[PDB]
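Chemist: before I ask anything, here's the sequence and the deposited coordinates:
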There are 2 protein chains.
Amino acid sequence: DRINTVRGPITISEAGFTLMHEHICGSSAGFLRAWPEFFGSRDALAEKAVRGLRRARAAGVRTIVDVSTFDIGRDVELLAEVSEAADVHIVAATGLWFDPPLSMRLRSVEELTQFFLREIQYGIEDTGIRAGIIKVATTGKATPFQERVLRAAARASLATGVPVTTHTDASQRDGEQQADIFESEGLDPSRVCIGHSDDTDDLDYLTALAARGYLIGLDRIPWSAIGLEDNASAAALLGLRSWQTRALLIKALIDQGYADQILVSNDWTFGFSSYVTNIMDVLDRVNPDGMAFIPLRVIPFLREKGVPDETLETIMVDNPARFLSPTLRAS
Amino acid sequence: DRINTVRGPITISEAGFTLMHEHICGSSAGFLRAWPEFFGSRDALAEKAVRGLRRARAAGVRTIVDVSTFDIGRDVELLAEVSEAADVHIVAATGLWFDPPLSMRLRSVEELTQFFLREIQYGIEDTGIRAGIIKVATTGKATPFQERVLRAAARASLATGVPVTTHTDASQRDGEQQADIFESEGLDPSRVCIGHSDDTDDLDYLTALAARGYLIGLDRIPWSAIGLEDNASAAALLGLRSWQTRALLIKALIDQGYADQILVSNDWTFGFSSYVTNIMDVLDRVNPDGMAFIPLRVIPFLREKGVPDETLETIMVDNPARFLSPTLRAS
Ligand SMILES: [Zn+2]
Ligand SMILES: [Zn+2]
Ligand SMILES: [Zn+2]
Ligand SMILES: [Zn+2]
């Protein structure tokens, strides 16, 4: 039983403490190769990511899942470089986020399924590195193309057992329509994580998804512009709900009996060209711990609020292993 | 005095018969590297392009200008491969068309100018291949970002002397606004080709641009769905005006005294992933001559209609050389 990482297959027990929704860089296809000076240089970005992953590993992280797709500018060779230098496993993704180019947008469900299967079963580009998760997105009601993408992701998952993870506009309850589409293709909800679910306080929405068997991605816990209310860019990106408000949704779903369905992350990054210039200065001021925020701050905060150690181990170790290890079911 | 090609600098006299607006592949950034099987394979696409360029060279073509940008999926290494194997010079482009990703759309004029200057002055990616033209686009009224792109293209041209060439929606007279923006940055119109100008019959529009000193790109001469009216995709792409209607605009502008300002091409390609599946089967049925259509069919057609050989030489040889060779003026 094995999970594909950017340095090859690992056994389930090697994943350890896992961050299920992270990025080395949030960019666009071809952008890092065409304009590396945007990031200072490719080597500056790699070095920044290695320092950050090493601090995360010191705090207990063993694996991240980089849910950057083709259209997030995923560079699997960069991921393999930083994975080896930090001694942190990195799982890469296939799928499409919400910035696909025309060459993707004009494709049918069947064509997209071929593409996703290429990246899971054969490899990414000419690297032979295989994805271990499928990432998809909506930002409100699905576009016609996004519906095709979710259907293709379901077909790819149904052939390979690799799971699907999503970007939502949680405030618009996108996970409802996502689930509908996935289920119409026969996908088991145990193979799906409805992500950015901590962006909403709506427990009716969150428990309706969890009750039908979805995994719930509380993956933006450090996202907050509190203290920076006069930076419009920062507020628009991060919102004005506190990291504590977000982290308490982890406790809320535990208290409702869904501990085995929660996945927790930071949705952090080391470079970010798909937003305003100099946004990394803001992010690194907001959350200097970066990807170590979950182990260093959230885990202690939940213990202090009464969540048992055994439960926190289930969430950070066992749930990612069960979710990632390929299957048409995971329970 | 020299023009940058994908195999290095050439002197002005080496360009010869030049097609100013062509593509090896119409795609999207990263797409050919991520999904080469879309095109059958990368080698099938390369071989197709070499066969086509060799037939063009046999018909008299010596140079093409591949006006594929970053967001058209320009692969300069593919261009250099096909250039060497066909013995046809290829000039590459910088700039942005109308499918930029978020990592480009969020950039300022100054940032975009740096990017364009990178590709002209330093090189594309890590290849050391330098662009010899800047490509920009609108599709009707400029978006705010497109206005930034046109301003950056003007700044890049003003530093380097490399010209600018445009995509328009000619039916909406986009060249008027393009010219306005370019002139507000101080760009000389002799450094600008307003392209797809044969997509309209409006001579008031065409002569207003030519009178102010623009070059006029009559670059879609073989584009016609006549004979395929029941193929909605094909009609929408190609229109229902004949190649003869288009070619007669070359004569019209000659007759109005603008021979020195006309640039003629095919806007052909060998692969096309940014439109509907199997569109190349349609294009190769519509125009089996491909890029050789201008020398094989248009040049004889204009001679038959009374255009002097000397004038056709001015248009296919001298105008491209004067336009491409770097300068802040070209007259
Ligand atoms: Zn997201
Ligand atoms: Zn993310
Ligand atoms: Zn065009
Ligand atoms: Zn074109």
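Modeler: Ah, there it is. Numbering: from 1, shown residues only, chains lettered A, B, ... in the order given. Ligands and ions are numbered 1, 2, ... in the order given.
Chemist: quick one: the strands in the stretch 151-300 of chain A?
Modeler: A:164-167, A:192-194, A:215-218, A:262-264 (DSSP state E, counting those that start in this stretch).
Chemist: of these, which is nearest chain B?
Modeler: Taking C-beta to the nearest C-beta, strand A:164-167 is the member of those nearest to chain B, at 13.4 Å. Just so you know, the C-beta spots here come from the backbone N, C-alpha and C atoms, and that holds for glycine as well.
Chemist: show me what the closest one pairs with in its sheet, parallel or antiparallel.
Modeler: strand A:133-137 (parallel), strand A:192-194 (parallel) (DSSP bridges).
Chemist: now the last one: how far from the chain's centre is it?
Modeler: Okay, so that is strand A:192-194. 10 Å (C-alpha atoms, centre = their mean, to the nearest Å).
Chemist: which phi and psi does residue A:10 have?
Modeler: Note on residue A:10: backbone dihedrals following degrees, to the nearest 10 are phi -130, psi 150.
Chemist: that one: neighbouring residues, count only.
Modeler: Per other C-beta atoms under 10 Å in any protein chain shown, the neighbour tally for residue A:10 reads 19.
Chemist: pretty sure it sits against residue A:89.
Modeler: Yes. Using C-beta atoms under 8 Å as the test, residue A:10 is close enough to residue A:89 to be in contact (5.9 Å).
Chemist: so where do the strands sit in the stretch 1-150 of chain A?
Modeler: Using DSSP E, counting those that start in this stretch, strands in the stretch 1-150 of chain A cover A:2-5, A:8-11, A:18-22, A:63-66, A:89-91, A:93-95, A:133-137.
Chemist: got these as a markdown table, with distance to residue A:180 columns?
Modeler: A markdown table is the format used below for the strands of the stretch 1-150 of chain A (distance: least, C-beta to C-beta, whole Å):
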| stretch | distance to residue A:180 |
| --- | --- |
| strand A:2-5 | 28 |
| strand A:8-11 | 34 |
| strand A:18-22 | 22 |
| strand A:63-66 | 25 |
| strand A:89-91 | 27 |
| strand A:93-95 | 18 |
| strand A:133-137 | 14 |
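Chemist: residue B:152: which of those strands is closest?
Modeler: strand A:133-137 (29.2 Å; C-beta to C-beta).
Chemist: what's in contact with that closest one?
Modeler: A:65, A:67-69, A:72, A:91-98, A:116, A:120, A:146, A:149-150, A:153, A:156-157, A:162-168, A:178, A:324 (C-beta atoms under 8 Å, 6 or more residues apart in numbering or on different chains).
Chemist: that one vs strand A:18-22, what angle?
Modeler: 40 degrees (axes from the mean of the first three to the mean of the last three C-alpha atoms, to 10 degrees).
Chemist: can I get strand A:133-137 as PDB, trimmed to CA atoms?
Modeler: Only the C-alpha atoms of strand A:133-137 are listed here, as PDB (Å, rounded to 0.1, in the frame of the first residue of the first chain):
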ATOM      1  CA  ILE A 133      -4.200  13.800  -5.200                       C
ATOM      2  CA  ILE A 134      -6.600  15.600  -7.600                       C
ATOM      3  CA  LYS A 135      -7.300  19.300  -6.900                       C
ATOM      4  CA  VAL A 136     -10.400  21.100  -8.300                       C
ATOM      5  CA  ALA A 137     -12.100  24.400  -7.700                       C
END
